[PDB]
Amino acid sequence: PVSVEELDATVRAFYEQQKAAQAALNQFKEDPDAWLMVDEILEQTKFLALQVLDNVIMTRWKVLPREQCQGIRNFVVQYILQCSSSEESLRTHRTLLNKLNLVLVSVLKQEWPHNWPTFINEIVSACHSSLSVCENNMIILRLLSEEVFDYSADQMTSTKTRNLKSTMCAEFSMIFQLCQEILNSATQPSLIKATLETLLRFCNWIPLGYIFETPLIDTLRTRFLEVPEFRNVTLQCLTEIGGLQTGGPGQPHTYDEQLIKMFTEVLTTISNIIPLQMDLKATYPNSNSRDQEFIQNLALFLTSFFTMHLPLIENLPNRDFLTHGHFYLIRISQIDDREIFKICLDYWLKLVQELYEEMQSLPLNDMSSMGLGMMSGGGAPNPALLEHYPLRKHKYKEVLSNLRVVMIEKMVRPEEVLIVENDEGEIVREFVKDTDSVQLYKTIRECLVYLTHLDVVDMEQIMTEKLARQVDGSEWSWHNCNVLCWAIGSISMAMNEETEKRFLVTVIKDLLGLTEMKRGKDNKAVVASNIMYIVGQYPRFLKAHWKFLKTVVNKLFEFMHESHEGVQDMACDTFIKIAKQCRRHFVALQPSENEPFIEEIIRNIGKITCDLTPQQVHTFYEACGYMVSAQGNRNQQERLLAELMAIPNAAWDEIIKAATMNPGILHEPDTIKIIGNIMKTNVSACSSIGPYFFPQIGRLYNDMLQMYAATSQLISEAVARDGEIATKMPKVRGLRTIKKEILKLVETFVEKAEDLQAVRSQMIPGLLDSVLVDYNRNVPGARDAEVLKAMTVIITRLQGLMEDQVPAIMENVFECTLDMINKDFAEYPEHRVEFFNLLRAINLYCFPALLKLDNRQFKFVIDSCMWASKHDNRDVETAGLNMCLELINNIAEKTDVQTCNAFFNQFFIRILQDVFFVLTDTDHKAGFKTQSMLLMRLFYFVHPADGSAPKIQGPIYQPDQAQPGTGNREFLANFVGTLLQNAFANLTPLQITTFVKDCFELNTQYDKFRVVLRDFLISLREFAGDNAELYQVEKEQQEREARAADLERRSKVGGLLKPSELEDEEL
């Protein structure tokens, strides 16, 4: 319609849902009313119009006529020019103008890369016209820069974008000179700012000649760098230039002199801005957002420049610039801000690790056998023996020494410290946080260590003096104590044993004194937290100093009586830490004592653990378990074990006696709980003591089976009484809990047992007698998946010894469990997953007894396997596909030609078909690794590309009803071909032929096959539309080496691995 009448099709929208919707009804047109619109109407409506305009621009550009797109192009340019060509007009229509600018840049998106050569020229000229059009032209060049530049801005400039900067040589050069012109003359802040912001977005594309050979830098620094308004943006420019890569060592132009002049000068300017006496740590929080951003842009400048050209400033004759630049990085590093400190920390790590690796690569280490240098393993070298070496680390003496103070002060809570001061200052138990807090910790630990190595004397002096201020000279506070102690504990293994001995005696003494001196629940908790952390991180020290070991374990027991759950958690945690690392010192007769320390502990175990929660008690018994394991004297060990388990046994017998008087208490929530705690206590001590737990499991075993039976009887009655609804009631649930807990104990032991024949002879018959038929007779609501789990456990462990039992397990479990799994597509997931796992285990460790299973049942075995293959979860996808792999491989290479015949004859198609549908599916990209391996194996079974004589794995093929035509290689190839053409009908009969040929040829080389199949899949339409997971193998192969080289590096320097990362690395 006309402009005056459709104006209100929206004016009524602001001042009825009726007309509001009507304007939306006029949506699909060709913006014809838009041209007339912008000029005549009303301005809210103009906004609606421009919306329509832009939409049609992107959507309908190539389809629109070459004439009209030219029309709308000139149409927008004229209005940008109408608004921008006046001071006051620029200010009044800034909103409207911006909307337009966006429309122009979106037009530019399709036009400028097409065939608009003189755009830049036109912009530059329009700039010469007036200042206002100029400013808006800068804002347009800036928005345009976000379309062209930003896309290539995150790709780190590769060859693809590198050649772009070469072609657009002139195009960018002009924009430079336009900018240098304005910056040379302009005095309007709006204009200077817009122009500056544009320079930034074009710094990386402007030819290096104009950046360094012109006086651009000189003027950026002198005209704007010290002007508060422009300061941040100019520094961002200087950062981009200082961060520019000088790809020519000396070939095109080594700008070194330009850069040294630049950095040196900018740094002096900064010295005028930021006073020498200003506390950036204290100031920053009270500064405005602009001043804070300045501090961040400075941190970014210095780090960027040093990262890119550190040699230039390091080798300068003056050195004051190297030192003062880094001092700025230090003063900044003290500021309490996550993002800023992250910036600095990354640089710092690079710096310290490099300086260290200079020492590490000396040939002076070749004489380690005489006591010179640093043996690979660990321990910081004496600094004084390195002073007479021309080491870079000497140039940074004063800087590195201050960095140690900072790094300590900026320490973050270790994973081990299970307590935090909250927002309101209360000591609470918050275990861990986001990944970032832990990645931060890893990084800060790394710097702390390298710094310790670079000068262990300086580090020890600083930590020692700080600790003194905590004890006496009062810089005391939870924070300063925490921070210092987290640092101390984190550099563990970075000092040689001797040095560390001195230090630790001081530290542990001072801290042990602090625990008794500081009063109040909270002060006691903080100090305990710190002493626990440290001693837990220094097992090497504790081993060589029995008096210290006994003293800290005793203080641990003390902490276990604290009213703080977090403190208690840390006491048990530290206790098991030490008990595992120093187990042997608890069973031996220490020179000073009358008896082995474990005797004393076990004697008072009841008094020690009386304030502990059950989970803490479990941890306690597990630790004591390690101690017991260290007792090689089998008899002595059995007595130790008996006494340790005294209380749990007593509790157990009490429950058995009670349940004999009336079995009813078994479904009393308290009884269920108690039986649980007892079983868990056993599982804890057993998982630690290992195989020599057999006497304890032997004492309990009979009562355990009878209780399983008794609770089962009770479950029957509750169901017989009130039907299957009872299975989801409190009583039956809890009784089932008793059953599950018992099983978890026997599982724990079976996995530890070494006399596998004794387990098979004495336990297995009783266990199966008690769990199998009971599982079967139960209603679905009451069947325990833990029975499946436990079967998988005993089978995986005893393997062959369990073949004769597999038929009874199958008899009672297979059929009914299947029923639960089948009808219920989303119910009984535990049973579904564990059924699949039980079968897979039977296949892996009891293959012959698996054959005894007949066709009806065999079909379902395959059915389940394929299910797990087609599951959204990654672990179960790998699992199912893999059970298939293991199955077919077993059949082909362990059975008869007639049996394997029958099997492959009965399911080969079934398999390959499913394997194909999952492989060619748009989804399921995760299972490629096994799926490919499946395909290649299948083909090998039919036509193996190997043998000195013509060998094959399968005699005949699919039922005759399928194809009376004899032949495998033929049938296989043909049938596959058909399937292939079904996934994509665009396949030329040569493509389909080539593929199938590769399969028979590459069945020998998994990598060649897998790769060729990967490419063939990438080629097709559907697959290229959702990326490639098929590279899982290439990915893990990379990751493996990564963590392997990293472990390689870390291992070569003391402290980079927590002492708990060496126990496993050795054992």
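What counts, and where the lines are drawn
Residues numbered from 1 in each chain as written, not as in the entry; some residues may be left out. Heavy atoms only, no water. Residues with missing side-chain atoms left out of burial classes, pairs and counts. Helix = DSSP H or I, 4+ residues; strand = E, 2+ residues; numbered from the N terminus. Buried < 20%, exposed > 50% of the residue type's maximum accessible area, 1.4 Å probe, protein only. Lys, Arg positive; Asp, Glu negative; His and termini not counted. Salt bridge = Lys/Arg side-chain N within 4 Å of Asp/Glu carboxyl O. Polar contact = N/O pair within 3.5 Å; in protein donor to acceptor, adjacent residues only side chain to side chain. Contact = heavy atoms within 4.5 Å. Axes fitted to C-alpha atoms, helices over the stretch in contact; angles between N-to-C directions. Parallel < 35°, antiparallel > 145°, perpendicular 65-115°, else oblique. Nonpolar A, V, L, I, M, F, W, Y, C, P; charged D, E, K, R; others polar. Disulfide = S-S within 2.5 Å. Expected span 1.5 Å × (residues − 1). Bend = angle between axes of the 7 residues up to and from the residue. Core = buried A, V, L, I, M, F, W, Y, C linked by side-chain atoms within 4.5 Å.

Method of determination, as annotated in the archive: X-ray crystallography, at 2.9410 Å resolution.

**Concerning the overall build of the protein**
Helices and strands together make up the secondary structure of the protein, namely 52 helices and 2 strands. Projecting the C-alpha coordinates of the protein onto the three principal axes gives extents of approximately 105 × 90 × 75 Å.

**Some thoughts on the side chain of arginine 331**
Relative to the elements of secondary structure, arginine 331 occurs in helix 20 (residues 320–333). It turns out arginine 331 is buried and unbridged, and the closest side chain with the opposite charge, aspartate 279, is 7.5 Å from it. Polar contacts involving the side chain of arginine 331 include one to the main-chain carbonyl oxygen of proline 275, which spans 3.0 Å. In this structure the side chain of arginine 331 is engaged in a polar contact, spanning 2.8 Å, whose partner is the backbone oxygen of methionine 278. In this view, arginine 331 contacts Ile274, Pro275, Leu276, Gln277, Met278 and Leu280; residues no more than four positions away in its chain are not counted.

**So, the packing of helix 5 (residues 44–59) against helix 8 (residues 94–115)**
In the contact formed by helix 5 and helix 8, the axes pass within 10 Å of each other and the chain directions differ by 5°. Classified by the angle their axes make, helix 5 and helix 8 are roughly parallel. Seen from helix 5, the contacting residues are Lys46, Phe47, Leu50, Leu53, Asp54, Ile57 and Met58; seen from helix 8, they are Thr95, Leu96, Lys99, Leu100, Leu102, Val103, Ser106, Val107, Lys109 and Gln110. The residue makeup of the contact of helix 5 with helix 8, split by class, is 10 nonpolar, 3 polar and 4 charged.

**Points about the state of the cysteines**
The full count for this structure, using the stated rule, is 0 disulfides. Summary of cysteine pairing: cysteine 816 is not part of a disulfide, and the nearest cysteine sulfur, belonging to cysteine 846, is at 19 Å. Here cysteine 816 falls in the buried class, since its relative accessible area comes to 13%. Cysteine 999 carries a free sulfur, and the closest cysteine sulfur to it, the one in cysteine 884, is 16 Å from it.

**A few points about helix 8**
Between the first and last C-alpha of helix 8 there are 29 Å, a value that for 22 residues agrees with the 32 Å anticipated at 1.5 Å per step. Maximum bend of helix 8: about 40°, positioned at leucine 108.

**A short note on the nonpolar core**
Of all hydrophobic cores here, the largest spans 347 residues; its most connected members are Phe119, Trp348, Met407, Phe575, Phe586, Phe620 and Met791. Top contributing element to this core by residue count: helix 21 (residues 338–360), with 13 residues. When near neighbours in sequence (up to four residues on either side) are disregarded, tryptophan 348 contacts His326, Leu329, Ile330, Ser333, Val399, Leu403, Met407 and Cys447.

**Points about unusual backbone geometry**
The residue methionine 156 is not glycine, and still its phi comes out positive at about 60°. Summarising the element assignment, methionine 156 is placed in the loop between helix 10 (131–153) and helix 11 (159–167). Even without being a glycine, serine 474 presents a positive backbone phi close to 35°. Position of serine 474 relative to the elements: it lies in the loop between helix 24 (456–471) and helix 25 (478–490). The exposure class of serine 474 is exposed, given its relative accessible area of 53%.

**Examining the pattern of salt bridges**
In the structure shown here, the tally under the stated rule is 60 salt bridges. Among the salt bridges present, the one from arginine 429 reaches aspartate 569, with a minimum N-O distance of 3.4 Å. Highlighted residues: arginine 429 in the loop between strand 2 (427–428) and helix 23 (435–454) and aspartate 569 in helix 30 (residues 565–581), separated in sequence by 140 residues. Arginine 429 gets classed as partly exposed once you look at its relative accessible area, which sits at 40%. Residue classification places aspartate 569 among the buried positions, given a relative accessible area of 10%.

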